[PDB]
Amino acid sequence: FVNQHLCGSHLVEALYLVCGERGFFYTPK
Amino acid sequence: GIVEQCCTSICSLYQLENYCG
């Protein structure tokens with residue numbers, strides 16, 4: 001599900017699912 | 001950054017994992 005354009009909340013949702021307990025940082029810059 | 005790699009271009013699992021803690 002990760003090999004597409006992921007924008008806005010959909011990108012943050014993908015990071016949440018992939019990273020799991022590792023957490024993540026979201027820096028749109 | 002992540003928007004340029006995953007939103008304005010097609011994302012990848014490698015790119016997403018770059019941002020995991």
# chains A, B, ... in the order shown; residues from 1 in each chain; ligands from 1

$ residues_around --residues "region 4-16 of chain A" --least-positions-apart "4" --cutoff "7 Å" --atoms "only C-alpha atoms" --output "PDB file with N, CA, C and O atoms, in the first residue's frame"
ATOM      1  N   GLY A  20       5.022   1.467  13.315  1.00  0.00           N
ATOM      2  CA  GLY A  20       4.575   0.773  14.506  1.00  0.00           C
ATOM      3  C   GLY A  20       5.173   1.361  15.767  1.00  0.00           C
ATOM      4  O   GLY A  20       5.211   2.580  15.959  1.00  0.00           O
ATOM      5  N   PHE A  24       7.780   7.586  14.591  1.00  0.00           N
ATOM      6  CA  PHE A  24       8.282   8.227  13.382  1.00  0.00           C
ATOM      7  C   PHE A  24       8.339   9.728  13.597  1.00  0.00           C
ATOM      8  O   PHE A  24       7.747  10.261  14.529  1.00  0.00           O
TER       9      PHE A  24
ATOM     10  N   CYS B   6       7.389  11.291  -1.300  1.00  0.00           N
ATOM     11  CA  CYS B   6       6.258  10.400  -1.108  1.00  0.00           C
ATOM     12  C   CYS B   6       4.940  10.982  -1.545  1.00  0.00           C
ATOM     13  O   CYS B   6       4.005  10.211  -1.793  1.00  0.00           O
ATOM     14  N   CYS B   7       4.823  12.300  -1.616  1.00  0.00           N
ATOM     15  CA  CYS B   7       3.590  12.946  -2.038  1.00  0.00           C
ATOM     16  C   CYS B   7       3.682  13.485  -3.459  1.00  0.00           C
ATOM     17  O   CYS B   7       2.859  13.126  -4.305  1.00  0.00           O
ATOM     18  N   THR B   8       4.685  14.315  -3.754  1.00  0.00           N
ATOM     19  CA  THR B   8       4.838  14.827  -5.112  1.00  0.00           C
ATOM     20  C   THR B   8       5.483  13.815  -6.059  1.00  0.00           C
ATOM     21  O   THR B   8       5.407  13.983  -7.279  1.00  0.00           O
ATOM     22  N   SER B   9       6.115  12.784  -5.521  1.00  0.00           N
ATOM     23  CA  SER B   9       6.538  11.628  -6.294  1.00  0.00           C
ATOM     24  C   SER B   9       6.049  10.383  -5.568  1.00  0.00           C
ATOM     25  O   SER B   9       5.494  10.463  -4.465  1.00  0.00           O
ATOM     26  N   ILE B  10       6.232   9.217  -6.196  1.00  0.00           N
ATOM     27  CA  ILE B  10       5.688   7.972  -5.644  1.00  0.00           C
ATOM     28  C   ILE B  10       6.536   7.492  -4.473  1.00  0.00           C
ATOM     29  O   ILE B  10       7.761   7.348  -4.592  1.00  0.00           O
ATOM     30  N   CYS B  11       5.871   7.203  -3.355  1.00  0.00           N
ATOM     31  CA  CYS B  11       6.532   6.762  -2.142  1.00  0.00           C
ATOM     32  C   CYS B  11       7.079   5.336  -2.308  1.00  0.00           C
ATOM     33  O   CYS B  11       6.811   4.643  -3.296  1.00  0.00           O
ATOM     34  N   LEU B  16       9.716   5.487   3.517  1.00  0.00           N
ATOM     35  CA  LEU B  16       8.973   5.630   4.761  1.00  0.00           C
ATOM     36  C   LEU B  16       9.816   5.208   5.947  1.00  0.00           C
ATOM     37  O   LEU B  16       9.840   5.901   6.969  1.00  0.00           O
TER      38      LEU B  16
END

$ closest_residue --among "A:27, A:22, A:17, A:3" --to "residue 4 (chain B)" --atoms "only C-alpha atoms"
A:27

$ select_by_dssp --residues "chain B" --states "alpha helix (DSSP H)" --output "list in words"
residues 2, 3, 4, 5, 6, 13, 14, 15, 16 and 17 of chain B
